[PDB]
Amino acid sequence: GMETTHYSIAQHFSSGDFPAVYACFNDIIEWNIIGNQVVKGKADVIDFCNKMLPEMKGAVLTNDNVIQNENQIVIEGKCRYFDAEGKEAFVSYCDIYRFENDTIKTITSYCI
């Protein structure tokens, strides 16, 4: 049902596998990366995700926790990557999805 589809979409996006869910983007999707920027519209969000994709492919992302209602879903997780000293580092993230039926209407990401 809808709950399982939302769950899957969110899991894929949060873990960096953006291309698996581009077809689920609303035409006017917004991605609000808190403290950074808001990317708006299907084409601009897909292009931004594609620019970012190699960084995700080189990193290791683990989704840790999920909070789901009928409409909105929240995923916490961590992204392991390597810093300037070429040393291991971790970004802790919280991604919040608002769906409009089976499309992603908004994504809000807190990344620390």
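Residues carry their position along the shown sequence, with the first being 1.
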item	value
Between the two ranges 53-61 and 80-88, the one averaging a larger CA B factor in the entry	80-88
66-74 versus 41-49 - which carries the larger mean C-alpha B factor in the record	66-74
Chain-relative CA temperature factor third for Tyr97	lowest
Where the record places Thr5 (Cα B-factor, split into thirds across the chain)	highest
